[PDB]
Each structure stands twice: as C-alpha cells, then as structure tokens.
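A quick write-up on the structure given underneath.
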Amino acid sequence: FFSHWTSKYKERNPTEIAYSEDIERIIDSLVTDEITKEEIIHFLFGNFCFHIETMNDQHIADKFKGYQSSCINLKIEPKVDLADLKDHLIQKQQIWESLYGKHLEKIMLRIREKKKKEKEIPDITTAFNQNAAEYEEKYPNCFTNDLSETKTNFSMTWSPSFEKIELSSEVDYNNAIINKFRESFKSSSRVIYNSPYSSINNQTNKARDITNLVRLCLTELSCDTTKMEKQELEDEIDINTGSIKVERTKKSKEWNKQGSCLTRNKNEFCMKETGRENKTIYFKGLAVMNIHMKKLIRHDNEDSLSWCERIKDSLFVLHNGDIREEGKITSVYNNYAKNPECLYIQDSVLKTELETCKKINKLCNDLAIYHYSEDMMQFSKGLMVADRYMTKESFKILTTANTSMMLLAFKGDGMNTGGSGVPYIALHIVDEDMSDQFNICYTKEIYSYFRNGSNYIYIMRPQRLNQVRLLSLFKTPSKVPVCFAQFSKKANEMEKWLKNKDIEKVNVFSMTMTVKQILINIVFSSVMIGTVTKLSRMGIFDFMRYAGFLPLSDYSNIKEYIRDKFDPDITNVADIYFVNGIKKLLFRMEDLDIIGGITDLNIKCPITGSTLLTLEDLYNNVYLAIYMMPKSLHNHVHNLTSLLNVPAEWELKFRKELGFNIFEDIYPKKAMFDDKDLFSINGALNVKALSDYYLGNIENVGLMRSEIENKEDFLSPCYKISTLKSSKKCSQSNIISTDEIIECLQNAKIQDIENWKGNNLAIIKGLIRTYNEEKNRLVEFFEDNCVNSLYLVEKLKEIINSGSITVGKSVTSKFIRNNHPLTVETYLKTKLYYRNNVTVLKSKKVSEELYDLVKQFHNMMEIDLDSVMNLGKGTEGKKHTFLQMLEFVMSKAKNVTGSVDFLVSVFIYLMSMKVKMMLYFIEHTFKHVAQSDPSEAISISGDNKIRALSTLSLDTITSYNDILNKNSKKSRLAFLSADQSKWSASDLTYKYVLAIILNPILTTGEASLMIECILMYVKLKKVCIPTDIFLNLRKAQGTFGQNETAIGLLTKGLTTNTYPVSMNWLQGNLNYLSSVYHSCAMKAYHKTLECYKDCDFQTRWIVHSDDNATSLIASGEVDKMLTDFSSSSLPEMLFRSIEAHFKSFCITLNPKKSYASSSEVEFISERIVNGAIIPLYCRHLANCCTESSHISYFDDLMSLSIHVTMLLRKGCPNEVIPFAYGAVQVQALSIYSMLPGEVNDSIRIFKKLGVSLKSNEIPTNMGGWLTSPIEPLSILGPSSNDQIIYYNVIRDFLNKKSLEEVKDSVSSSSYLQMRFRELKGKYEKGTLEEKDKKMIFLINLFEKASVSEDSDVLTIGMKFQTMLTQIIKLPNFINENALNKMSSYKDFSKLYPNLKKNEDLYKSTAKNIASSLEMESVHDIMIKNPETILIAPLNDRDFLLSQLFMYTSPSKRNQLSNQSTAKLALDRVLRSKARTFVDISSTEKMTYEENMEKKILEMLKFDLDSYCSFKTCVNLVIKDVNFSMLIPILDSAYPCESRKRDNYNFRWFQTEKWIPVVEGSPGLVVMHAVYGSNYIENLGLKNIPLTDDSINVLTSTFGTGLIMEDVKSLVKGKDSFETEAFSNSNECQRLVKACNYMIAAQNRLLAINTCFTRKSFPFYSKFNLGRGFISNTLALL
Ligand SMILES: NC(=O)c1ncn([C@@H]2O[C@H](COP(=O)(O)OP(=O)(O)OP(=O)(O)O)[C@@H](O)[C@H]2O)n1
Ligand SMILES: NC(=O)c1ncn([C@@H]2O[C@H](COP(=O)(O)OP(=O)(O)OP(=O)(O)O)[C@@H](O)[C@H]2O)n1
C-alpha cells in the first residue's frame, strides 16, 4: 500500500478556508458545562490517534501538523508529542463516555413528556366522527344529506350494452351509426328530464338546452359524408425544435362543402354559415359547458351505501347483454388466454391452472370486459385528437366499433396551458328491457331521455377531461382485464365455483346468489379501479396503503392517522363502497405457513370476497388497487410549482425557528447544538457517536484509501469517470451578454426595415414586447446597466415608431410557447438588472461541460489545431487528474465569480458541473465508508441483496431469540419498519462537517477541501424557478392581492427569482453520507440502551438513506423497565424510544408509515413475517400495465418484459401471467406499432407480402409479438425471444434435432461455406423451400438490423443487451439543429470552416473543390492518430479531438440526431400515422408502413456475399454459455413427482423450472425460493467487436474515398493504407473473426509499442480489450 497526497491544498488547514469562522462557531457551540473547549478541540482534531496502526508515517506527520496548526489557530496550547496526545485522550475518556447515560435519561423524560400531552380516542368510529367534526369546523356546513348536489358517480364515460347487429353495405360502418342516431333523433318531443337520485325538485332549464344542442348538431349541422378523405398528417420543421407532427395546410385543414354544411374530415363538422335561430340554439347549448361550495357526503351515510347497492348491480345487468364477438383487444387477449398451453413447455401437468385461466377468459368475453375496455381506449383516442384541433364553432362526432354509442366533442384546450379539458356529450340507445337498470345505474348523469320505437335515446351530462386523464383512460385495456383476473383468482368463492364447473357450463345463469354478488363486486371494482380520473378516488386509494396492517402492535396509526391529517374528500357516491370496505376491515381488526385470515374472517377492501385463505391475497389486492392509480392527474405546471413550493416552506420554517431573517446568510448558532426539538442535534453526543462509528467501521486506513483512490477513479482524468462523462444533463447559466445586448441594439439600424434578417430581429421583438407593457423597468435597465442611458431609449422610440413590426400582444405564455428561445431571453433581459434577475439556467450535456473544462485547463480557450496537437501522443503526453480539475474549478470560482455555480433548478434536481464534481467527491469518499458497514443497505450493488440483508436481519434475530429465551429469562420481540419524514428538508446540514473532521481516511488538506465544499454548499445555494412558471406566479400575484405562501416572502414579494435554500440538501445528493449518519445514530442508540442497568438489549438495524429495519430483543426484568419507559409492550417501547432518540440526531420519525410489530417487518417494499417472505408481486404487475417510456415498440416491449420477468420471479400465480402478456402487448401495440387490423401491424403486413415467416416467428424488432415461453423468458429475459426464433430457424435450416448437433456441425470451419454454396445454388437453379426463405430473411435482417449497425458507443454510450435493434429510427431533429448549441460543433466549425460546417450535403459532396481538401486534411490528421476515434480517451489530445472527429461521420450525426427524448402521448400516436422523414438529409417523406413495406421487400432476395453475416448470426446464437446449457435442460426435464414438484397452486413454477434449473447451472440445495437473479444475460460480448470494427471499416472507407475510388486488390504502398486495403478483402468482419480466432496476440498498450507492430492488423485487437470473451454461466442466487 502506497500513499499519495492528492492535493495542492496540502498546506491548508480546516481553520483557514475563508469560510473558517463557522468552524470557530461550531467549536464554541459544542462547549457543555462538563466538557470545556480545550477537550472539544483535543478530541475533534486528534481523534485519528485511535486509528494509528494502518496508516503511513508521512500520514502521521501530516495529520499531526494539521493538529498543531488547528490548535495554534484556535488559541489552544497543543500537546508536543503524539504519545502525549494519546495519553491525554486515553485519560480524558470517562468524561466523554458519560454522555450515554444522560442521553438515556433524556429520552426517558422525553417519552414521559410526550405520552402525557397526547389524547386517546376510544374507537375508530369516534376518530372518524372527530375528523368529520373538525372538517365542519374548518368550513361550516360542508356536509350535505341530499344526494342531488354531489359530483358524478360513474366517472368520465358510460358504456351501454350493444344489442343489434348493424349490417354494412357501401354505407361506411363508422358513419352508419351516426345517421342511425340521426334518424332516431327526428321524431316528436316526448323529452322526459331526469331528476338525479330520485329527487323531487328538479330545476331542469339546462336539459332543454342540451337536448336542443344535440338535436341541432345531429339534424342540421351534420350529414352522411361517406366520401371525404381521412385525416392525414405530415412532419414539419419547428422554429424551436425539429420534426413535430401537424396537419397539412391543404385537404385535412380546410372546410369542405356538403349539402348546406361544412365538413373537414370524416368526423369533424362546422357551423360557420348557419341560421341565426340555429346559432342562438348552439350558443345556448354551449353556455352550459362554459364556452366554500363543496358538497361532501359523510362517511356514515346509510343512504349512499343503499344507493350504491343498486347502482353496482344495475351495472352488472348492463354488462351482460352485449353481442359483439370480435375486436382488437379481444384478439390479442385471446391469443394468450384462450390457449395458454403454448406459454408453458410442460403444460400437461397444469390441467387445473390453465383451465382456470381459460374460464377467467370466458368470463371476460361474456361480461364484455374486453369490448368495454376497447371502447374506452378508442374514445380516449378520438377525444384527445379532438382536444388539440377543435375550435369553438366546430365539433368532432366520435364513433368506434360500438353500435349505440357516440360522443359530441367540443372545443378543448389546444396548445395545452393547463386548461380544464375537452367537453363532450355522449348519446346512448338502450332498448325497453334494460331501461329501468340504465336509469338506476347512471342516475346522476342522465340528462334527458325519450322513446323511439322499442328503444330509448339517452343524452348524458357534459363533462371534461385533461390530457393526463385521457392518458389514464387510454390504458383501460391493460388495466381492467388484469384487475378482473387477479380479483377473480383471489376471491375464494369465485375460484371455488370456477373449479367445479366446466368451460361449457360457466355462465351467469348457473350461479348461486353469493357467487353472483362476489362477481358483481369484482366487476364494479375492476371498472372503478382500471379507469380512474378523479382526484378523490386517488386520495381514497392512497389512504389505503396505511390502513391495511393486520398483524400489528402499537403504531400510532390506527387512531391518530384517521384524525386531522386524513382528508375525507368523498365527493360522489359509490366510493362509499370502498371507504366502507376500509371501515369494515378496520372494525374487524379493532375487535380482533401463513394462515392469517382463515380464523379472523377477513374481508377484501375493494372486492368484498370473504374466506381469504392467505394474508398474501389481501396484501396483493390492496397493493394492486393502490399501484394501478396514476402518479398524478395534475399538469406539469402544478406539479413543478408543488416541487418548487415545498423547500421554500421548509426553509422558512427553519429560519423562523432559529431566528434568521429573510434576506441574510446562514451561520451556526448555539440552538442547533443544544438538543432542541425542531432543527438541532445533541452536539457532544454526535461527536462521540461519530468517533465510535469510525472506530468500529474502518479497520485499515491505508488499504481503504487505496480502494478509494483506485476504484472511484481518483488520480485519473475526469472522462474516465462515467458520471461526469455520460451525458445525463447539466445546468450552465448561459445568458446573452448585456454589452452584447446593447451592441445588438446599436447595430440594429432603422433604415433596414425590409432587411431585418438574422437573429437580431428576435432581440428587437423581445425589447419591443417588453416595452409595450413594462415601461417602468426598461428605462432603469437601459440607464443603469449601460453607460449610455438616453441613446438606447431614444433609439427604441423610433424603433417602435417605425410603423411595421410583428408584435401582437403581451400574451405571456402564448408568446413563450411558440417563439424562439432568444426572444424569451431578450423579453426577460431587457427588464432584469437589479430585480427579477432570473439568470436562466439552460440545460447542457456534461460531456460538453467537461470538454470546456479540459479546454480551459490547458489555457486552450480559443481552439487551435497545433495547440491541441502539441499535448503529445500515447501514454506520455499531458494528462490531468480529477482532483486537479476539482481544485482548478474551486480556485476559479473562489475568485469573485458571483456564486453562479450554486444554482439548481427543477427539470429530480438539475445542478451545475462544479456542484456535481464536489458531490461526486463527497459521495464517493463516503461510499467506501458505507461499503465497510454490514448494516448499510445503499452500498449494496443493485437491488439484488436488498432482500437478502432483510432475510439475515430476520434469521439471526429469530435464531438468537430461540437460543436465549429458553435458558434464564423472558424475551419480547420488537420489529420496527420506520420511514423518516422530511429526510432532507428537516435535516440539519452542519452536522455533516463533524462527520468529515472525525474521518480518519483523509488528509488535513482534503478535509479542508471537503469542509469548505460543504460550507459553500450551505451558505451559497439557491433555487431558480423556471421562466414560464415564475411569469405565471408573477401575473397571478399582479392580478391578485400580492400574497404568496413562502415563495413570495423568500423572494421579497416575487420581485426576484432566486430564493435561498441553505439547510436543505436536495434529495439524492448526499445519499451515502446521510445513510452513514443514520447508521451512526443507530449505533449510538444501541450504546445508549446499553447504559440501562438491570436489562440486556441487543439491536440489529438496516439503513438505506430514508428507510429503517430495526429489530430489538429485550431480556431481564422486562415488566419494571416497560413502565420505566412508559409503555405496555416491546413494540410500543421501540416506537417510543427510537422516536425519542432520533430527535437528538435531527431525524424525524413520522407516525404514519412507521409501525412496530412483534412478527412483521418491512424495508422498502419487500416484507418478511416470522422467517417467511410475503412475495408482493404487485409493483411489477402494475408496471406491466401502467408504466411505459413511450419511445418505440422494441424499446417499450423489451422494457415491459423486464416487469414480466420479475413477475415470474416474485411468485405470481399462473392465471395472471397470460393476462400480463396481454397487458404488456396492449400497452406496447396500442400507440405506434398498431393493433390487429390497423395500419402499422406486422401480422397483416407479413401476410400481404407473402413472407415465409409464420405468425409466431416474426422478430420483435420487425413489429412482431413476444412469444417466448415461461421458462426461457424467466431465466434469460426479453432478449431470449429473437434468440429462440433464430435458433429454431437455424436448426430447421441445417435439419438437426438438438443444439449439440448444431454445435458440433458448426464447429467444423468447412461446413457453413458448403451450406451457403448449396443455398446459393438452390436460389440459382429452381428450388427454395420454406426453411431456406426463412433463413434468407433472417440473414438479411441480421445484416440490416443488427444492434451494432449505425451506432458507436463512444458518441452515445449503449450497453448491447440484445441481438437486433429497431429498423426504423425516426430522426428527432433534421439537419444540424441537433448538432448546434454545442461547443464541439462551434470549435469544429471554426478550424474547419463553412466548407465543411454547413452542411451534411457539403460534406457528402467531398466523396464524389475546397471541401475535398478539408476532408483530406481531416482524415490525414485522423488516420495518423488511430486511437483517438475508436477507443476511449487515453489522455488529452485523445479527448479534445475525439469530440471533434465525431462530427465528420454520417452515422455519428445521425446517431446524435435520433436520440430518444421523453415526449408524451398524442406525439407518438400521431407520428405513427404521418409521412415522416427517413434520415437527417432527404427530401423524401414517407410513412412508417410504407417504409416497412420497402424494407421487407428489400430483405427478400438472396443477396449473395452474405456469408459473413450468416456465420456471425449463427455464432452469436450457438456460442452463448447460458443458452447452450438451458436448452438441453428444458428439452430433457422430468415432468414431476420424483424430485421436482408435487404441489399444485402457485407451486409448479417455483418448483419445476426455477430450482431444478438452478441446480442446473450453479448447483443448489434449497427447495422453494423467490429469486433475485444475477447480472444481465450477455449478448454483447460479440456485438461490441461488431461496433468497434464497423467504425474502423467506416473510417477506412472515408479515408480511401478522397484520393481514389478503386474496387479491390489495391497497390499503393504507404503501409497503413495498403494493410487496410488488404483488411477490406470481403467485409473485414470475417477476417476479424477468423484471424483472431486462429491466433491470440494480446499485446499491451503504450500507443508507440502497439503502433510499432502495425496500424491495422494487430492494432484492432487493442480497440476492444478482449477477443472471443466467453463469460461464466451466471448463478441465479
Ligand atoms: N392554450 C389555450 O388555448 C388555453 N386553454 C385555456 N386557456 C385559458 O382559458 C381561456 C380560454 O382559452 P382561449 O385562448 O381558446 O379563449 P379566447 O382567448 O377567449 O379565444 P381566442 O383564442 O379566439 O382569442 C383563455 O383566455 C386562457 O386564459 N387558454
Ligand atoms: N409522511 C412521511 O412520513 C414522509 N416520508 C417521506 N417524506 C418526505 O416528504 C418529501 C416529499 O413528500 P412526497 O409528496 O413526495 O410523498 P412522500 O415522500 O411519500 O411523503 P408523504 O407520505 O408524507 O406524502 C420527500 O422529500 C420525502 O422525503 N415524508
């Protein structure tokens, strides 16, 4: 172990760091009445003398010099010798050790003072009544007993039953329904208005208006079109971004002319030229939709439960008469659920489970679950399509696969600025038989009805829906059938009735009344849960995650949670059913193998099905009801204001508590270190606790320092660090300069009104738009910022008085949204000098910021080629380290920079590059400290062992309780599952300095650097609100009474943007240091509890930042000490004592999610009771239906199959797995890669062109369907589907039986050439069988759509986790708009000027006069330095021009252009049906399906010279270690009943193929297990040679393309070119594979040693660092 001091800061002490008086205040504030200042200093600087056994002697001299300097600067006489300090610190030990007993007495007094003040509620009903009483006390008379003023019961949209077959013959089936309703709505006027909820005083007077509006819109304002063209969209260039989807200017944006009406497309109509009485009727109907006063019903309303107990069974009657049999959602769900035998390889033993799944599918078919979900999905489609394009004088009649359903959509909030939603009136035709049940069910929203024929025509009430609510309505086919399947499985009456009957006898007719009632509840709950669009239902359902703990003890959650902080916001009826289910569960728990519920007689909360055989069924039902709700139905505008509003309040609370005023700095005070309640710690106890923690954790200072400076990439340049190189995002305050602003104002003349070209017109527009209403501040900015005062304003006078200028109005958000960003910059900056300063932080990549930092380190600001190339080559040139750049940044910004670097923004938080580097240093010097702690969970690599540590924390605790309580005394268990509240907001930050001073694995210079870093992070941090949000609050504050909650007080009345956030580190920034402090606090808790005299306590705790998993086992005289601690049992003891102890460590325990029990613990989401773990597969099942990224079909299908895989891991039953398959299929296919029957299908396209591939053999990237079985998807993952179909077509191609025959036939090198020649001859003369055409198709697909194709991992870093990739990559930007606003492009465009800057066509013309010379120079200084463009930067001049030589490849600007951005819905369902661009430069615009047709027609021919990709695709499949041993196990596995499996329910999968396959690869003994598998299954050991040699072939071709063209067999000389010409013999890839298969050189790298050999043939082996890298078979563990 060698020691290296990594600082120029060596001669700096922690008491001379500019912000050094705060350390003096911390020292002065730690002085107690028993410990003086001298002992505090001697302990704090000198604690390292307990660690002096593993550190160097130069480290000894360094730390003793730091000790002496600290004592001299603090006016204390230091000890002369190190042994003198050791003797003094070992003799003043009992003074410091006595703090634990006083702390024990303090927490006992705090429990005694806290339990006396609280009040006790007698029962749960009194808690509910007290909540209702205080709710009436806030707002009086808010509770109404009349059910006529409430909100809508049955949510956004209503689905009647569809009773008549509608024949179509030349009548356009979508349009025949509209004229059917029109001819129904032409009879007389027997309009009966509906009184809601059987009321008597019906006002009406609006039902007449709605009826007249609907009659007008269906009689006069619309007609049978049947001839107009469909809506077609086209991509267009935006003035701020690229490639947005919009309607074309002609055709589908123009109003056509039918007979006396105006029409746009097949659905939209208009009334621009209509009679005045008709216009009056239209406006009278429009005024209804608007184009305390809360009536909340009580929890104990017996009328609402009685009404719901008729509404929810009228719904079941309505869900029982539908006659439709085929559809889109029905087809995809019946692909998996109607025949689930294909998913399971050994399906012959699942004769009961698969039959139950088939019965659940038949019940879904007969109750019209699929058809209702499909109707909701397409109506949400049509509704948001209507939301963006509708005007006030137009409507958008929607029709679907329905028979008796329409919707009359009206003007919504196009160009979304929050808004309210899109109005819509739905019409229904119901027959005479189901007429009373329709009135009973939808009694609130039926607005008028009349009778025509044997039918009733219903007009329902208009509502409105935001885009988020339409998106939650969209995922109905993914959310409702899985709800029906899970609730039908977990209900024991439903499953019990399903098990006796047969598939031909399952119907509603042969049902008992109890099973029918359970089915009614299941249908109603699935409908109400799968589509949720109300905030009250979300409040009710996330109230449910705390009122659901049965096996419990004292938690302060049964009664004190249902008091004041519970919000009973029940607005409608029939959520009384859900709240009443909660109330019955709580009343049951009040009156009091896991068998938890066969004896308690528990009741399901949403589905009410009794006789619960297992507690895990209850946990699964509640948590699936919880996790299926959306994250938020609020807009991003409201959510961002909430996220920017919480820290302002939690900082104003801190300032008010500790006496700081609003506009001043933050310094330590005595109150923070005096053991107070709100914002304080104990002080001297914290120092002793941290010293004891560092004594007990760090065992070798030098070895751990070596691991820190070797594994965290210290003493290495910053581009080797993945956090500071991989472009996440960043924040750099780029503001147009004020001198540049006044210069642009000066050069903007008044004689060039026509010639206002360039970007200066944007500055002119911004200053004029600011002048139009903000005259008060523009004169101040024009007279104080610039030295010329009157000239600028007098020039602006005739600038506005020039007559012609393009400004409409200060429309605020309408100006911001669709104008150039520098217009926003100027419209800000001309009124921001002394107030409202903003200083807008625009986002940037960290790679560009690191590029600028490396450029600024070597003083190469102005870019010059000789200046960068003079830095040397190889591993002997100029190179920096991470800490040298860190101190360069610190020395730069300590020089009066204005503290612009400490500015974060919300985009979860967006910090600067400096703050990212300081947080990296502080984070990763404590990551290894937390890695040495066995009780620390955030240091666990991944989520794999997170469950494992909880398993140990249960197992050793239970084993020790079994080993102690049987001998001498009694023991009581106490498991704590705490979660702290405001872990970052309420936390004192200055206590982290004490964790750094006492750190022994450090240096007195590095410690000073970290202390100064944390002190500037506290004293100078600020938060900048974004421009649109701050303008919204500014205009709201101007219109209103000018008061705000906390943001107005912090920003001096909203007159400035940056508000101070000092003692609140942002969440995720200190995630290891806070966890270290938490574990230190728990060790101090154990040391404090060890001070009790006649009792023995041992504590086991587990810490992951915010969370806690404390266990405690007491022994001895328990009965006396329990009333000493003021409690009744050990969980009550633990919940009181830990809460009292944590207040001395600035940790706030909240009595909401923190419970204490004697048998149950929870950690994050996993949960283990009495040595057995409850599975909780709810999160993955909900992620299978709700969470998606919305980027592509391939990406989202591969991402959702992760959740399917973890569903298979965590014990899912075998009847929800086919529904999980169907759910991920609907969620992947329902946006862009369209559903069966639509335009972007892949079964239909492959069937039309006669492709030889079958339905279940289409690859995933071809738009095909996930058809991998249960076992290979569970073991390998989503990347196994294409591997399985490739292996199947290969095994059919060479006509073999097993994989081993294929392996020993491929292993001969003279075999695949003969097969390829035989295939070529077969294609030649006369014969091509089906297998040959399949093999040819997949060979050409591997050529055209391999994952390595058109990708390099050094421009954008990818991971290569699959075999193939997306074959259409839509460009997010067109031309060089993606490459702009970049320092790399601005440098590349300067030393290589506009001959090669603008544009891609100018560079492409240099491949067939000055651009050819520039390209020749580029590739001449590129090909002489080969290591700079296709490996990682070895040093500088391998990084600064590595970012410069990537803007020359056509496939490296395309890769940066089509980067996957976030976007949202309606930007991808519209782009899929639009004529999109192909690449970065093409005049041709073509659709997605036509592109797919062209690509499939391209990959149909044999295309000889395809031998290399044939051998590559064979060898990528067969050579996998995991696949080649998983397949023979699956092929030769015994069914059951010998050692594999003998149980039935949820015990085939976890007994037959996840334990005899885990005795397969690593060998194992355990029988039943929930699996956290190994790392990712590697299919990228062979693909990173493909990328790293494809880029070599590309630069070879682009180097050889200038001087000459040639074909082959080149004779030129100049060895680096002749050897690459010999390298390009066939493709260079078969040469790569064969040549480095038959030898293995493996020469080391020094870039002169390796360039000594040859530039081409053995050099490429040192551009991947490995060859034929075969991994080991992964242990599932
Ligand atoms: N992005 C939008 O279009 C939108 N959505 C809701 N809002 C807020 O609510 C009002 C109604 O929106 P509009 O801009 O369509 O109404 P308008 O201003 O009276 O009509 P117009 O566009 O023809 O001038 C608007 O005045 C505005 O305050 N704006
Ligand atoms: N009630 C609690 O016991 C609790 N648990 C966490 N927190 C801290 O609260 C900050 C923001 O709260 P959020 O609105 O994001 O939800 P949350 O974290 O789940 O807390 P809560 O249950 O109170 O809503 C978050 O920064 C979070 O750390 N409070």
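Residue names in the structure tokens use chain letters A, B, ... in the order shown, residue numbers from 1 in each chain, and ligand numbers from 1 in the order shown.
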
Set the cut-off to 10 Å, count only C-alpha atoms and all ligand atoms, and list whatever residues fall near ligand 2 as a compact mmCIF listing (two decimals) with N, CA and C atoms, in the first residue's frame.
```txt
# COMPACT_ATOMS: atom_id res chain seq x y z
N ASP A 542 -54.87 6.01 -1.98
CA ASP A 542 -53.58 6.12 -1.31
C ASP A 542 -53.70 6.46 0.17
N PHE A 543 -54.93 6.61 0.67
CA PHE A 543 -55.19 6.47 2.10
C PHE A 543 -55.08 5.01 2.53
N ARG A 545 -52.91 2.60 1.80
CA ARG A 545 -51.60 1.97 2.00
C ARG A 545 -51.10 2.06 3.43
N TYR A 546 -51.81 2.77 4.30
CA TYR A 546 -51.51 2.84 5.73
C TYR A 546 -52.57 2.19 6.60
N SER A 642 -45.57 22.67 -7.04
CA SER A 642 -45.53 21.95 -5.76
C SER A 642 -44.10 21.61 -5.37
N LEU A 643 -43.31 21.12 -6.34
CA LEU A 643 -41.92 20.77 -6.07
C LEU A 643 -41.04 21.98 -5.79
N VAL A 646 -42.51 23.27 -1.87
CA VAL A 646 -42.15 22.57 -0.63
C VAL A 646 -40.84 23.03 0.01
N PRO A 647 -39.71 23.23 -0.71
CA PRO A 647 -38.49 23.63 0.03
C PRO A 647 -38.53 25.07 0.51
N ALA A 978 -39.62 1.68 10.31
CA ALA A 978 -39.77 3.13 10.24
C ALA A 978 -39.39 3.68 8.87
N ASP A 979 -39.97 4.83 8.55
CA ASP A 979 -39.58 5.64 7.40
C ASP A 979 -39.64 7.09 7.83
N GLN A 980 -38.52 7.79 7.73
CA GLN A 980 -38.43 9.14 8.28
C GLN A 980 -39.13 10.14 7.37
N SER A 981 -39.64 11.20 7.97
CA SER A 981 -40.34 12.26 7.26
C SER A 981 -39.42 13.46 7.12
N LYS A 982 -39.39 14.03 5.91
CA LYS A 982 -38.53 15.15 5.53
C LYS A 982 -37.07 14.84 5.85
N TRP A 983 -36.57 13.80 5.18
CA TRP A 983 -35.21 13.32 5.42
C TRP A 983 -34.17 14.35 5.01
N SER A 984 -34.49 15.18 4.02
CA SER A 984 -33.59 16.22 3.55
C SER A 984 -34.02 17.62 3.95
N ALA A 985 -35.33 17.88 4.00
CA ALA A 985 -35.81 19.24 4.26
C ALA A 985 -35.65 19.62 5.72
N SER A 986 -35.97 18.71 6.64
CA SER A 986 -35.91 19.00 8.07
C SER A 986 -34.54 18.69 8.67
N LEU A 1066 -30.51 18.81 -1.44
CA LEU A 1066 -31.54 18.23 -2.28
C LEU A 1066 -31.47 16.71 -2.22
N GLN A 1067 -32.62 16.07 -2.44
CA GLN A 1067 -32.73 14.63 -2.24
C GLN A 1067 -31.94 13.87 -3.30
N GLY A 1068 -31.14 12.90 -2.85
CA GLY A 1068 -30.26 12.15 -3.71
C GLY A 1068 -28.86 12.69 -3.81
N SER A 1105 -30.65 5.08 3.44
CA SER A 1105 -30.97 6.51 3.39
C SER A 1105 -32.14 6.86 4.31
N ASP A 1106 -33.34 6.89 3.74
CA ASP A 1106 -34.54 7.30 4.44
C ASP A 1106 -35.15 6.17 5.28
N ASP A 1107 -34.87 4.92 4.94
CA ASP A 1107 -35.60 3.79 5.49
C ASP A 1107 -34.92 3.25 6.74
N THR A 1148 -36.42 12.80 12.05
CA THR A 1148 -37.82 12.95 12.43
C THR A 1148 -38.56 11.68 12.01
N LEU A 1149 -39.05 10.95 13.00
CA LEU A 1149 -39.86 9.77 12.75
C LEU A 1149 -41.33 10.16 12.70
N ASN A 1150 -42.03 9.72 11.65
CA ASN A 1150 -43.42 10.09 11.43
C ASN A 1150 -44.34 8.93 11.79
N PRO A 1151 -45.34 9.14 12.64
CA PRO A 1151 -46.31 8.08 12.98
C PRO A 1151 -47.39 7.85 11.92
N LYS A 1152 -46.97 7.76 10.66
CA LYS A 1152 -47.88 7.40 9.57
C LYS A 1152 -47.45 6.11 8.89
N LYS A 1153 -46.22 6.05 8.37
CA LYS A 1153 -45.70 4.85 7.73
C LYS A 1153 -44.78 4.05 8.64
N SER A 1154 -44.55 4.52 9.86
CA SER A 1154 -43.67 3.84 10.81
C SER A 1154 -44.54 3.04 11.77
```

Could you list, as a compact mmCIF listing (two decimals) with C-alpha atoms, in the first residue's frame, every residue within 8 Å of region 786-800 of chain A, counting only C-alpha atoms and ignoring same-chain residues fewer than 2 positions away?
```txt
# COMPACT_ATOMS: atom_id res chain seq x y z
CA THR A 738 -25.64 42.91 -21.64
CA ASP A 739 -22.80 44.51 -23.61
CA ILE A 742 -26.63 46.97 -26.21
CA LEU A 745 -29.41 47.32 -30.16
CA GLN A 746 -26.84 49.72 -31.64
CA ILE A 750 -33.68 51.95 -38.69
CA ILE A 768 -40.41 45.89 -28.10
CA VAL A 779 -35.70 52.71 -18.54
CA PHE A 781 -32.20 48.68 -17.32
CA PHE A 782 -31.32 50.98 -20.24
CA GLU A 783 -29.90 53.71 -17.97
CA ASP A 784 -28.11 51.72 -15.23
CA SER A 802 -41.10 52.75 -37.31
CA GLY A 803 -44.63 51.60 -38.19
CA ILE A 805 -43.29 45.47 -36.65
```

Exercise. Enumerate residues in contact with ligand 1: an atom-to-atom distance of at most 10 Å, counting only C-alpha atoms and all ligand atoms. Format the result as a list in words.
Key: residues 290, 291, 388, 390, 391, 392, 411, 412, 413, 414, 415, 416, 417, 418, 419, 420, 421, 811, 813, 814 and 817 of chain A

Using only C-alpha atoms, find each residue in region 1117-1235 of chain A having at least one atom no more than 9 Å away from region 476-494 of chain A; report its shortest atom-to-atom pair and that distance in Å (one decimal), rows by chain then rising number, as a Markdown table.
```
| residue | atom | partner | partner_atom | distance |
| --- | --- | --- | --- | --- |
| A:1181 | CA | A:482 | CA | 8.4 |
| A:1182 | CA | A:479 | CA | 8.0 |
| A:1184 | CA | A:478 | CA | 8.0 |
| A:1185 | CA | A:478 | CA | 5.0 |
| A:1186 | CA | A:479 | CA | 7.3 |
| A:1213 | CA | A:489 | CA | 8.6 |
| A:1215 | CA | A:485 | CA | 7.2 |
| A:1216 | CA | A:485 | CA | 6.0 |
| A:1219 | CA | A:482 | CA | 5.7 |
| A:1220 | CA | A:482 | CA | 6.9 |
| A:1222 | CA | A:478 | CA | 7.5 |
| A:1223 | CA | A:478 | CA | 4.4 |
| A:1224 | CA | A:478 | CA | 7.1 |
| A:1225 | CA | A:478 | CA | 8.4 |
| A:1226 | CA | A:478 | CA | 6.1 |
| A:1227 | CA | A:478 | CA | 6.3 |
```

Determine, using only C-alpha atoms, which residues of region 231-256 of chain A have any atom at most 12 Å from an atom of region 1486-1498 of chain A, and tabulate each with its shortest atom pair and distance in Å to one decimal place, rows ordered by chain and then rising number, as a Markdown table.
```
| residue | atom | partner | partner_atom | distance |
| --- | --- | --- | --- | --- |
| A:232 | CA | A:1487 | CA | 10.5 |
| A:233 | CA | A:1487 | CA | 9.8 |
| A:234 | CA | A:1487 | CA | 9.0 |
| A:235 | CA | A:1486 | CA | 9.9 |
```

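Proximity of A:507, A:1298, A:452, A:1561 to residue 1526 (chain A), computed with only C-alpha atoms, is greatest for A:1561.
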